[PDB]
>>> print(open('structure-v3.cif').read())   # mmCIF, C-alpha atoms
data_input
#
loop_
_atom_site.label_atom_id
_atom_site.label_comp_id
_atom_site.auth_asym_id
_atom_site.auth_seq_id
_atom_site.Cartn_x
_atom_site.Cartn_y
_atom_site.Cartn_z
CA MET R 1 -120.80 -224.24 56.00
CA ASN R 2 -117.80 -226.25 57.18
CA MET R 3 -115.71 -223.49 58.71
CA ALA R 4 -112.29 -224.63 59.86
CA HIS R 5 -110.42 -222.37 62.31
CA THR R 6 -106.86 -221.40 63.03
CA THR R 7 -105.10 -218.67 64.96
CA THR R 8 -101.68 -217.65 66.18
CA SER R 9 -100.67 -215.04 68.75
CA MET R 10 -97.21 -213.60 69.30
CA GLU R 11 -95.50 -211.02 71.47
CA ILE R 12 -93.89 -208.16 69.56
CA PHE R 13 -91.41 -205.82 71.24
CA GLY R 14 -93.20 -202.56 70.52
CA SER R 15 -96.16 -200.63 71.90
CA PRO R 16 -99.53 -201.80 70.47
CA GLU R 17 -99.96 -198.42 68.79
CA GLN R 18 -96.50 -198.42 67.25
CA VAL R 19 -96.97 -202.01 66.10
CA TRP R 20 -100.37 -201.14 64.62
CA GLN R 21 -98.95 -198.17 62.76
CA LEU R 22 -96.70 -200.57 60.85
CA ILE R 23 -99.25 -203.36 60.21
CA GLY R 24 -102.68 -201.69 60.24
CA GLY R 25 -102.55 -200.60 56.60
CA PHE R 26 -104.60 -202.81 54.29
CA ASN R 27 -102.04 -202.19 51.57
CA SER R 28 -99.00 -202.40 53.91
CA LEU R 29 -98.25 -206.14 53.81
CA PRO R 30 -95.09 -205.49 51.79
CA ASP R 31 -93.76 -203.36 54.68
CA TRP R 32 -93.73 -206.29 57.13
CA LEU R 33 -94.37 -209.55 55.24
CA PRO R 34 -91.17 -210.89 53.61
CA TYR R 35 -93.35 -212.97 51.27
CA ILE R 36 -95.15 -210.10 49.50
CA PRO R 37 -93.43 -208.21 46.65
CA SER R 38 -96.06 -205.52 46.08
CA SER R 39 -99.63 -204.61 47.01
CA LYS R 40 -102.11 -202.45 45.05
CA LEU R 41 -105.40 -200.94 46.17
CA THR R 42 -108.63 -200.71 44.20
CA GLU R 43 -112.09 -199.30 44.85
CA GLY R 44 -110.74 -196.33 46.75
CA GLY R 45 -108.86 -198.53 49.22
CA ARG R 46 -111.34 -201.37 49.76
CA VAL R 47 -109.60 -203.98 47.64
CA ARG R 48 -105.99 -205.10 47.63
CA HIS R 49 -104.16 -206.97 44.88
CA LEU R 50 -101.19 -208.93 46.24
CA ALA R 51 -98.57 -209.94 43.69
CA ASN R 52 -97.82 -213.47 44.93
CA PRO R 53 -94.17 -214.48 44.27
CA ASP R 54 -95.27 -217.31 41.95
CA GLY R 55 -97.17 -215.56 39.16
CA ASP R 56 -100.53 -216.12 40.85
CA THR R 57 -102.39 -213.30 42.60
CA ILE R 58 -104.54 -212.71 45.66
CA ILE R 59 -107.41 -210.24 45.62
CA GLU R 60 -109.00 -209.48 49.00
CA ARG R 61 -111.74 -207.23 50.38
CA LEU R 62 -111.52 -205.13 53.54
CA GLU R 63 -114.54 -206.13 55.63
CA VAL R 64 -114.03 -204.24 58.87
CA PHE R 65 -111.50 -201.73 60.16
CA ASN R 66 -111.09 -200.06 63.53
CA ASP R 67 -108.12 -197.83 64.19
CA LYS R 68 -108.24 -197.47 67.96
CA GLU R 69 -109.20 -201.10 68.65
CA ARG R 70 -106.34 -201.91 66.27
CA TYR R 71 -107.71 -204.58 63.98
CA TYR R 72 -109.03 -205.23 60.50
CA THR R 73 -111.00 -208.10 59.01
CA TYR R 74 -110.87 -209.08 55.37
CA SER R 75 -112.23 -211.66 52.90
CA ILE R 76 -110.90 -213.30 49.74
CA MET R 77 -112.41 -212.36 46.38
CA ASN R 78 -109.95 -214.25 44.24
CA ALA R 79 -106.92 -216.29 45.31
CA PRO R 80 -105.34 -219.67 44.54
CA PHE R 81 -106.01 -220.99 48.04
CA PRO R 82 -108.01 -224.22 48.32
CA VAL R 83 -110.83 -222.76 50.43
CA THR R 84 -114.00 -220.65 50.36
CA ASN R 85 -115.79 -218.35 52.83
CA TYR R 86 -112.29 -217.17 53.85
CA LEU R 87 -112.41 -214.54 56.57
CA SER R 88 -109.26 -213.42 58.37
CA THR R 89 -108.61 -210.88 61.08
CA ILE R 90 -105.39 -209.38 62.34
CA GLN R 91 -105.50 -207.59 65.67
CA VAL R 92 -102.94 -205.93 67.88
CA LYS R 93 -103.74 -206.70 71.51
CA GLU R 94 -102.16 -205.63 74.80
CA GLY R 95 -98.68 -207.03 75.40
CA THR R 96 -97.32 -208.24 78.72
CA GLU R 97 -95.74 -204.80 79.27
CA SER R 98 -96.75 -201.30 78.21
CA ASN R 99 -93.97 -201.31 75.58
CA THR R 100 -95.06 -204.73 74.36
CA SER R 101 -97.92 -206.05 72.28
CA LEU R 102 -99.53 -209.37 71.39
CA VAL R 103 -100.58 -209.76 67.79
CA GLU R 104 -103.29 -212.19 66.80
CA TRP R 105 -103.86 -213.40 63.24
CA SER R 106 -106.97 -215.59 62.93
CA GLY R 107 -108.99 -217.01 60.05
CA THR R 108 -112.14 -219.03 59.37
CA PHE R 109 -112.69 -220.83 56.08
CA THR R 110 -114.32 -223.75 54.27
CA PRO R 111 -111.90 -226.40 52.99
CA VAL R 112 -112.36 -227.45 49.36
CA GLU R 113 -110.24 -230.14 47.65
CA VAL R 114 -108.13 -230.39 50.83
CA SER R 115 -108.76 -231.73 54.34
CA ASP R 116 -109.55 -229.50 57.31
CA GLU R 117 -106.15 -230.34 58.74
CA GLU R 118 -104.33 -229.51 55.50
CA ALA R 119 -106.04 -226.14 55.14
CA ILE R 120 -105.56 -225.45 58.84
CA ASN R 121 -101.88 -226.29 58.44
CA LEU R 122 -101.58 -224.06 55.36
CA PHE R 123 -102.85 -220.82 56.86
CA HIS R 124 -101.43 -221.48 60.29
CA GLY R 125 -98.04 -221.74 58.60
CA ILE R 126 -98.66 -218.54 56.67
CA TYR R 127 -99.86 -216.68 59.77
CA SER R 128 -97.09 -217.87 62.11
CA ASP R 129 -94.31 -217.16 59.61
CA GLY R 130 -95.83 -213.75 59.10
CA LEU R 131 -95.79 -212.92 62.79
CA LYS R 132 -92.32 -214.36 63.37
CA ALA R 133 -91.02 -211.98 60.67
CA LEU R 134 -92.85 -209.11 62.37
CA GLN R 135 -91.34 -210.07 65.72
CA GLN R 136 -87.95 -209.97 64.00
CA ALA R 137 -88.50 -206.52 62.45
CA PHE R 138 -89.46 -204.81 65.66
CA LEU R 139 -86.66 -206.01 67.87
CA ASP R 140 -84.58 -204.21 65.28
CA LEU R 141 -84.77 -200.60 66.48
CA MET C 3 -119.32 -179.56 70.84
CA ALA C 4 -121.25 -178.83 67.67
CA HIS C 5 -123.00 -181.48 65.57
CA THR C 6 -124.61 -181.61 62.16
CA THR C 7 -126.18 -184.20 59.90
CA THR C 8 -127.63 -184.26 56.42
CA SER C 9 -129.72 -186.96 54.79
CA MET C 10 -130.59 -187.57 51.16
CA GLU C 11 -132.53 -190.30 49.40
CA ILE C 12 -130.87 -191.64 46.27
CA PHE C 13 -132.36 -193.73 43.47
CA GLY C 14 -130.00 -196.65 43.89
CA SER C 15 -129.99 -199.78 46.07
CA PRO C 16 -128.01 -199.35 49.27
CA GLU C 17 -125.32 -201.58 47.78
CA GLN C 18 -124.93 -199.57 44.57
CA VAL C 19 -124.57 -196.22 46.35
CA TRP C 20 -122.01 -197.73 48.71
CA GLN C 21 -119.92 -199.18 45.89
CA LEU C 22 -119.48 -195.60 44.73
CA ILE C 23 -118.98 -193.71 47.99
CA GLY C 24 -117.57 -196.28 50.42
CA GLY C 25 -113.98 -195.94 49.26
CA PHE C 26 -111.87 -193.84 51.59
CA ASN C 27 -110.15 -192.53 48.44
CA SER C 28 -113.31 -192.15 46.33
CA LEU C 29 -114.49 -188.63 47.24
CA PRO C 30 -113.54 -187.17 43.84
CA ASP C 31 -115.87 -189.70 42.18
CA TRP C 32 -118.90 -187.96 43.70
CA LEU C 33 -118.08 -184.96 45.89
CA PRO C 34 -117.61 -181.77 43.84
CA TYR C 35 -115.76 -180.19 46.77
CA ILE C 36 -112.90 -182.73 46.60
CA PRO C 37 -111.43 -182.75 43.06
CA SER C 38 -108.41 -184.79 44.15
CA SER C 39 -107.63 -187.51 46.70
CA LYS C 40 -104.63 -189.66 47.61
CA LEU C 41 -104.03 -192.43 50.13
CA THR C 42 -101.01 -193.04 52.37
CA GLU C 43 -100.32 -195.23 55.41
CA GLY C 44 -101.52 -198.32 53.59
CA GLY C 45 -104.90 -196.70 52.99
CA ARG C 46 -105.67 -195.31 56.44
CA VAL C 47 -104.89 -191.70 55.53
CA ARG C 48 -106.14 -189.53 52.71
CA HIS C 49 -104.77 -186.26 51.31
CA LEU C 50 -107.52 -184.11 49.80
CA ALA C 51 -107.48 -180.98 47.73
CA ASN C 52 -110.40 -178.57 48.00
CA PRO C 53 -111.30 -176.15 45.19
CA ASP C 54 -108.84 -173.57 46.56
CA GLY C 55 -105.96 -176.02 46.49
CA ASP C 56 -105.88 -176.30 50.29
CA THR C 57 -104.70 -179.66 51.63
CA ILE C 58 -106.96 -181.74 53.85
CA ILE C 59 -105.54 -184.78 55.65
CA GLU C 60 -107.93 -187.22 57.28
CA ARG C 61 -107.62 -190.57 58.99
CA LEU C 62 -109.92 -193.58 58.77
CA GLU C 63 -111.16 -194.51 62.25
CA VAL C 64 -113.86 -197.09 61.47
CA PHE C 65 -115.01 -198.97 58.38
CA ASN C 66 -117.68 -201.61 57.94
CA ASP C 67 -118.49 -202.81 54.43
CA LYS C 68 -121.53 -204.92 55.32
CA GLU C 69 -123.19 -202.17 57.38
CA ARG C 70 -122.15 -199.61 54.77
CA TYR C 71 -120.46 -196.89 56.82
CA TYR C 72 -117.09 -195.43 57.71
CA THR C 73 -115.94 -192.90 60.30
CA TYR C 74 -112.95 -190.59 59.90
CA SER C 75 -111.19 -187.77 61.70
CA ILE C 76 -109.20 -184.76 60.58
CA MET C 77 -105.46 -184.85 61.24
CA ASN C 78 -104.84 -181.50 59.58
CA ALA C 79 -106.87 -179.09 57.47
CA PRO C 80 -107.47 -175.34 57.14
CA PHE C 81 -110.94 -175.71 58.69
CA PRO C 82 -111.61 -173.77 61.89
CA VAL C 83 -112.41 -176.78 64.08
CA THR C 84 -110.73 -179.43 66.21
CA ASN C 85 -111.79 -182.87 67.52
CA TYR C 86 -113.50 -183.36 64.15
CA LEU C 87 -115.35 -186.66 63.68
CA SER C 88 -117.52 -187.61 60.69
CA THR C 89 -119.36 -190.72 59.56
CA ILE C 90 -121.14 -191.53 56.33
CA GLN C 91 -123.65 -194.35 56.17
CA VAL C 92 -125.93 -195.77 53.50
CA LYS C 93 -129.24 -196.84 55.04
CA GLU C 94 -132.18 -198.63 53.41
CA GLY C 95 -134.49 -196.37 51.43
CA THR C 96 -138.24 -196.52 50.82
CA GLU C 97 -137.77 -198.95 47.93
CA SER C 98 -135.49 -201.94 47.56
CA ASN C 99 -133.67 -199.92 44.89
CA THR C 100 -133.44 -196.57 46.71
CA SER C 101 -131.47 -195.62 49.77
CA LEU C 102 -130.94 -193.04 52.46
CA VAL C 103 -127.44 -191.66 52.79
CA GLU C 104 -126.45 -189.86 56.00
CA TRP C 105 -123.41 -187.68 56.57
CA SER C 106 -122.98 -186.56 60.17
CA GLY C 107 -120.37 -184.48 61.95
CA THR C 108 -119.12 -183.54 65.40
CA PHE C 109 -116.50 -180.91 66.01
CA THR C 110 -115.15 -178.27 68.38
CA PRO C 111 -115.19 -174.90 66.57
CA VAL C 112 -111.96 -172.90 66.87
CA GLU C 113 -111.83 -169.18 66.14
CA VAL C 114 -115.35 -169.33 64.66
CA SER C 115 -118.85 -169.59 66.08
CA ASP C 116 -120.71 -172.89 66.22
CA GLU C 117 -123.16 -171.57 63.64
CA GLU C 118 -120.32 -170.83 61.24
CA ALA C 119 -118.73 -174.25 61.72
CA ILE C 120 -122.06 -175.97 61.17
CA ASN C 121 -122.86 -174.03 57.99
CA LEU C 122 -119.45 -174.87 56.49
CA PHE C 123 -119.65 -178.61 57.01
CA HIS C 124 -123.36 -178.81 56.35
CA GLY C 125 -122.61 -177.03 53.08
CA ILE C 126 -119.95 -179.58 52.17
CA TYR C 127 -122.13 -182.53 53.13
CA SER C 128 -125.09 -181.08 51.16
CA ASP C 129 -122.84 -180.38 48.16
CA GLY C 130 -121.79 -184.02 48.02
CA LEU C 131 -125.11 -185.66 48.86
CA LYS C 132 -126.88 -183.49 46.25
CA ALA C 133 -124.35 -184.33 43.54
CA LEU C 134 -124.76 -187.98 44.53
CA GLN C 135 -128.54 -187.67 44.16
CA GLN C 136 -128.09 -186.11 40.72
CA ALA C 137 -125.53 -188.72 39.69
CA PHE C 138 -127.93 -191.64 40.12
CA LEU C 139 -130.93 -189.71 38.81
CA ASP C 140 -129.02 -189.96 35.53
CA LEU C 141 -130.31 -193.51 35.02
CA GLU C 142 -130.16 -193.06 31.24
CA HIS C 143 -131.63 -196.44 30.27
CA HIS C 144 -133.53 -199.49 31.60
#
>>> encode(input="structure-v3.cif", output="structure tokens")
Amino acid sequence: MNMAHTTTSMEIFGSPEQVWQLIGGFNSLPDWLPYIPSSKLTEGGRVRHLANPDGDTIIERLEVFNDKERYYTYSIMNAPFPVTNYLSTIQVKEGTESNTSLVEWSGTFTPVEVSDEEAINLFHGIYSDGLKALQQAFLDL
Amino acid sequence: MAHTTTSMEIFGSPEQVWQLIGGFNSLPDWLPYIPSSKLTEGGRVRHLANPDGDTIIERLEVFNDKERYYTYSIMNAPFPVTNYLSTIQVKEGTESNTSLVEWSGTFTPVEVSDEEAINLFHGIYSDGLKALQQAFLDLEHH
């Protein structure tokens, strides 16, 4: 119990549903994250193996999933990150217009071998870069 | 709309039973009726084959690992229903190492009576829950 927090929200030029169709897949990070080469599912779709572009790997577990409320929460089973009790959620909220959406990527975790600020900086950077790339891909009809 | 539910106690902790049936793509590991399954859409959609080679496409609506349940709908299948919704949940049993699995369904029967729609799905649910009960009964050791 330490639990650091970080979040980042960003407007995407696409209807919430359309945006969720592209990012709501647990194994679909490679379709929108320019930092993920490939993703593999295990346990009938409950576990994803991300092939990190550095030899290391990230294994995560789907914790919660709701199609219509457009969101999914997941936890880390095995990754090189310097934290524990990692829990992250990515949700597609209402945009400012009906053809717009606001994506939120949050995460709670316990820093280990790094300060709260350093871990907060790490994932905030990962989240923000992820959403900026997504913003880029959608305003590319 | 029509509704139907089946329950079955299995000799396995709620967590064990769920490790085996909680995967959206794991039906062929325990449901005789679905010999083959495939996932698309990053895992949200599954393509099933029934014994007669018919294709069944369903979509994951809700999934909760901790509470051991998932809800899904039918996008397209040869079944005579519409507005199909089904949820499978693994509840606590009478012993810390047994559990109660529940498979429920709600649907609008099309071109068939409610009775006929209920029998079909109840039959499928029963088929799978019974195989599941037999699977664990095969303890085999300690």
>>> interface_residues(input="structure-v3.cif", of="chain C", to="chain R", cutoff="12 Å", atoms="only C-alpha atoms", output="ChimeraX atom specification")
/C:20-31,39-48,61-75
>>> closest_residue(input="structure-v3.cif", among="R:9, R:84, R:57, R:52", to="residue 106 of chain R", atoms="all atoms listed in the file")
R:9
>>> residues_around(input="structure-v3.cif", residues="segment 126-132 of chain R", least_positions_apart="2", cutoff="7 Å", atoms="only C-alpha atoms", output="number ranges by chain")
R: 8, 10, 33, 105, 122-124, 134-136
>>> residues_around(input="structure-v3.cif", residues="residue 108 of chain R", least_positions_apart="5", cutoff="6 Å", atoms="only C-alpha atoms", output="number ranges by chain")
R: 3-5, 86-87
>>> atom_distance(input="structure-v3.cif", atom1="atom CA of residue 131 of chain C", atom2="atom CA of residue 76 of chain C")
19.8 Å
>>> residues_near_point(input="structure-v3.cif", point="(-113.7, -228.8, 48.3)", cutoff="12 Å", atoms="all atoms listed in the file", output="PDB file with C-alpha atoms, keeping the file's coordinate frame")
ATOM      1  CA  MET R   1    -120.800-224.240  56.000  1.00  0.00           C
ATOM      2  CA  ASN R   2    -117.800-226.250  57.180  1.00  0.00           C
ATOM      3  CA  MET R   3    -115.710-223.490  58.710  1.00  0.00           C
ATOM      4  CA  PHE R  81    -106.010-220.990  48.040  1.00  0.00           C
ATOM      5  CA  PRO R  82    -108.010-224.220  48.320  1.00  0.00           C
ATOM      6  CA  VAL R  83    -110.830-222.760  50.430  1.00  0.00           C
ATOM      7  CA  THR R  84    -114.000-220.650  50.360  1.00  0.00           C
ATOM      8  CA  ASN R  85    -115.790-218.350  52.830  1.00  0.00           C
ATOM      9  CA  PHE R 109    -112.690-220.830  56.080  1.00  0.00           C
ATOM     10  CA  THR R 110    -114.320-223.750  54.270  1.00  0.00           C
ATOM     11  CA  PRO R 111    -111.900-226.400  52.990  1.00  0.00           C
ATOM     12  CA  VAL R 112    -112.360-227.450  49.360  1.00  0.00           C
ATOM     13  CA  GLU R 113    -110.240-230.140  47.650  1.00  0.00           C
ATOM     14  CA  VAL R 114    -108.130-230.390  50.830  1.00  0.00           C
ATOM     15  CA  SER R 115    -108.760-231.730  54.340  1.00  0.00           C
ATOM     16  CA  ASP R 116    -109.550-229.500  57.310  1.00  0.00           C
ATOM     17  CA  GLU R 118    -104.330-229.510  55.500  1.00  0.00           C
ATOM     18  CA  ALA R 119    -106.040-226.140  55.140  1.00  0.00           C
TER      19      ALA R 119
END
